[PDB]
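*Asks:* experimental structure and sequence below.
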Amino acid sequence: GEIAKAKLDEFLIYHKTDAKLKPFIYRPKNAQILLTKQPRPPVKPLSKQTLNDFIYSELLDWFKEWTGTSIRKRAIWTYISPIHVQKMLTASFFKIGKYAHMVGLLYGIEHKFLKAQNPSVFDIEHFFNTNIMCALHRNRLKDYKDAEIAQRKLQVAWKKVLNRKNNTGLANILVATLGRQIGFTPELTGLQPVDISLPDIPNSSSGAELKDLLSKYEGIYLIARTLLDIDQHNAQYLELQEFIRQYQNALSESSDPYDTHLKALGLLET
Amino acid sequence: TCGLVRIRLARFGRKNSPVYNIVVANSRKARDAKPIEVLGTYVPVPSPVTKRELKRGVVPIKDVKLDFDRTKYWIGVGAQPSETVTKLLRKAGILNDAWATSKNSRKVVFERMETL
RNA sequence: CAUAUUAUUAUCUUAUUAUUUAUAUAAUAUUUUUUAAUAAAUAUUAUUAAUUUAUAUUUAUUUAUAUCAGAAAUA
RNA sequence: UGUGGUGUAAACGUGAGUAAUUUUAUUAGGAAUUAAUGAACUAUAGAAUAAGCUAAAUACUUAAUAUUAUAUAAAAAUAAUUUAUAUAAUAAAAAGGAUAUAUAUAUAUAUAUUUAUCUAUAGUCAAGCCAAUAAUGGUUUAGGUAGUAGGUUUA
Ligand SMILES: [Mg+2]
Ligand SMILES: [Mg+2]
Ligand SMILES: [Mg+2]
Ligand SMILES: [Mg+2]
Ligand SMILES: [Mg+2]
Ligand SMILES: [Mg+2]
Ligand SMILES: [Mg+2]
C-alpha cells in the first residue's frame, strides 16, 4: 500500500530537483563523478493508477506538498487526472472524513490550476457530479436544508467548473435532485439538459475488461445509486435503471462499492 | 543631483565665514577641487541693515555674482543644478517654477526686477 | 675574514595564469541507430529515461613556451 | 540572516618607487586620420517579442525583431581626402513595477497617469597614443648596446 507513498515521493523529489544536478544524481554512470566531486536511483514515468490507491489508506498533506511545486513543471501538474479528483472527493467525504478541508484546498488549488493549462482536471463527469453527489448526503445527514445557504454554495460550485463539457447528462438530473431536496431555485447559466447516455455493461466481458469497466464506472455508479436511493422519483428513468441493474448484476461477487462507503459513514459517525 | 556635469556650490573662506563659488563641476571631483568653470560667487550672509533703515523698510541683500549667458549655456547642454543652486537660479529668472519641488513649492511683496 | 640587501643567468626547482600539441567506452546540450518504464485510443503509436553515434561548450589528462617566487653561481 | 539592483576606477591618506620604457611642465603641436565603445545627464525619435532556468523576478541563459568594405560617378583643401549614390554584410537590445479607471468573461484585456528598460543621432562630460623643449650629482662609471638601430611581413 505504501508503494505509492514511496514512489510518488521519489517522483516529486526527482521533479523538484534542479536540472543542473539531475544528471549527476540520478544517472548511474555519474555516481562516481558525484560523491568524489546522496545518490538516488533513476525515476521513470509514473502510472496514473499508482496514486489512485494512495487514497485508500495524510492526503491533505500529500496534496499540499504536491501542489506547492512550481507551475512550469508539467509532469507534476498534468499527471493529476480528474479521475483522481473524483476519487479523493469521494474518499474524503465517506471514509477519511475531512471533506470541508479538501474542498477548500481544491478551490484554492483550482485558482492555481487555471494557469498550468489544466482546466480539464475540473469537469462535469469527475468534479461537479461527485461534488453534488456528496452535497446531497451533506444535506441529508445533518439536515442542512436552508434555501439560500444551499443556493449560494451551488453557485460557487458552479464557478469551480473549468470544463463546460456535459455529455453524459447526469449533471442536470443531479441539479434537479438538489433543488427538489432543498427547494431552492436551480439557476445555472452555461449548464444545459442532456438525455442520459451510459455505456452498456456486458456479462460476457473478459475479467480484466470486467474490472476495467468497474474501475472506470465506480464513481458514476455511486452517483447513480445515490441518486436512485435519495429520491424514489428518480426511479422514473429506465436508462437510470439499465446501467444500475447491469452493474449490480455484475457485482454478484464480493460486495458493492456502495455498501462499504455507506457503512464507512457510520464507522466515523460514532 | 544627477549626471556627470553639475552646477553646485564650492566652499571658500575661513571657518565660520562661508563664501561659495557657483561652479560647473564633474560629479566625482572633490567639492573644493578646481572645476570645469566658475560661474559666479555667492555670499550667504545678508548685508547688514541699520535699525533706522529697518524702520524705512529695506530688506537685507544676499549678494550673488553670476555669468548669466554661460550659466544658460551649461543648463542647456545638460548640466544639473543642485538644490541650493536651483533656488538661486529660480530667483534670478534663469530657471522657472518647473524646477521647484513639493517641499519648496506666498504673496509677492516685490517682483523680480532687472536693471541696467 | 664575517653579516646583510639589489640585480643578472646557455643553471636547477616552480604556485598561478595565458598560449600550445596530443588523449579520453570523461561530462552537459543538440543528431542519429537502438534499448527501457508510462500514456491513450482501438498489433500499437507516441511521450519521459538509459545505450550507441557526431558537432559544439566544458572539465580530467598530459606535450611545449613564458611567468611570481626560491636555490646555485656571478657581480 | 533569501534571490536582485544601484553605489565604492571616486574621495581620503601617503610619498615607497620613479632621473624619464608610459613621470612632470609647456605648445594657440600632431595622427594611426583613435572603435558601428557612454560611463551619465540633456534634446529628439523609435521600440520594449518568445521560450528555458531558479520559488519568482527588472536575476541569469537561448531565440525573435531594429559603421565599415566594395562599385559608380562628383569635385578639390588633391597626387589623397571628402561627397553622394547602390549593394554587401551591419545586425547589435530590452523590463517591468505603482496607481486610476474602462470593458467584458477573480480572469484576462484597453487606455491612461507615474517611475523604470533598450536602441539610434547630436551635444555635454570625458578617455587612448605620439612629437618638440626642460627637468640632481658622480666619467676616480668611458665605452655602451644585440630587439640592440633600421627595413619587410604576420599576430
Ligand atoms: Mg536621482
Ligand atoms: Mg584611486
Ligand atoms: Mg590626495
Ligand atoms: Mg616619494
Ligand atoms: Mg519570464
Ligand atoms: Mg537584465
Ligand atoms: Mg626595446
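*Replies:* Perfect, I can see it now. Numbering: from 1, shown residues only, chains lettered A, B, ... in the order given. Ligands and ions are numbered 1, 2, ... in the order given.

*Asks:* which element is the most centrally placed residue in chain B on?
*Replies:* For chain B, the residue sitting closest to the mean C-alpha position, by C-alpha atoms, centre = their mean, is residue B:88 at 3.3 Å. In the assignment (DSSP states H and E), residue B:88 maps to helix B:83-91.

*Asks:* closest residue of chain B to RNA strand C?
*Replies:* Going by C-beta to the nearest atom of the strand, RNA strand C is nearest to residue B:28 of chain B, at 31.6 Å. In this view, the C-beta of every residue, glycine as well, is placed from N, C-alpha and C.

*Asks:* need the contact list for that residue.
*Replies:* residue B:4 (C-beta atoms under 8 Å, 6 or more residues apart in numbering or on different chains).

*Asks:* quick one: the residue of chain B most remote from its centre and residue A:16, what's the gap?
*Replies:* Among the C-alpha atoms of chain B, the one farthest from their average position, using C-alpha atoms, centre = their mean, is that of residue B:52, at 29.1 Å. According to C-beta to C-beta, to the nearest Å, residue B:52 and residue A:16 sit 87 Å apart.

*Asks:* how about residue A:115?
*Replies:* In this structure, residue A:115 and residue A:16 are separated by 19 Å, where distance is defined by C-beta to C-beta.

*Asks:* between the two, who's got more neighbours?
*Replies:* residue A:16 (13 against 9; other C-beta atoms under 10 Å in any protein chain shown).

*Asks:* which residue ranges of the chain form helices?
*Replies:* This is for chain A. Counting by DSSP state H, residue ranges of the helices within chain A are A:3-16, A:22-26, A:31-35, A:48-52, A:59-67, A:74-79, A:82-91, A:99-113, A:129-142, A:147-159, A:170-182, A:207-230, A:239-250, A:257-269.

*Asks:* my bad, the chain I had in mind was chain B
*Replies:* The residue ranges that make up the helices of chain B, judged by DSSP H, are B:51-56, B:68-76, B:83-91.

*Asks:* to residue A:60, which of those lies closest?
*Replies:* Of all the helices of chain B, helix B:83-91 sits nearest to residue A:60, with 59.6 Å by C-beta to C-beta.

*Asks:* got the angle between that closest one and helix B:68-76?
*Replies:* Here the directions of helix B:83-91 and helix B:68-76 differ by 120 degrees (axes from the mean of the first three to the mean of the last three C-alpha atoms, to 10 degrees).

*Asks:* what residues are up against the residue nearest the centre of chain A?
*Replies:* In chain A, the centroid-proximal residue (C-alpha atoms, centre = their mean) is residue A:86; its distance is 1.4 Å. Under the criterion of C-beta under 8 Å, 6+ apart, the neighbours of residue A:86 are A:126, A:127, A:129, A:130, A:219.

*Asks:* most packed of the helices of chain B?
*Replies:* helix B:83-91 (a mean of 18; mean count of other C-beta atoms under 10 Å in any protein chain shown).

*Asks:* show me what it is packed against.
*Replies:* Counting contacts by 3 or more C-beta pairs under 8 Å, 6 or more residues apart in numbering or on different chains; DSSP states H and E, the secondary-structure elements packed against helix B:83-91 are strand B:5-12.

*Asks:* quick one: is the strand it packs on near RNA strand D?
*Replies:* Yes. Strand B:5-12 comes into contact with RNA strand D when judged by C-beta under 7 Å from any atom of the strand, the residues involved being residue B:5.

*Asks:* I figured residue B:85 hits residue B:1, correct?
*Replies:* No. With contacts defined as C-beta atoms under 8 Å, residue B:85 does not count as touching residue B:1, sitting 9.0 Å away.
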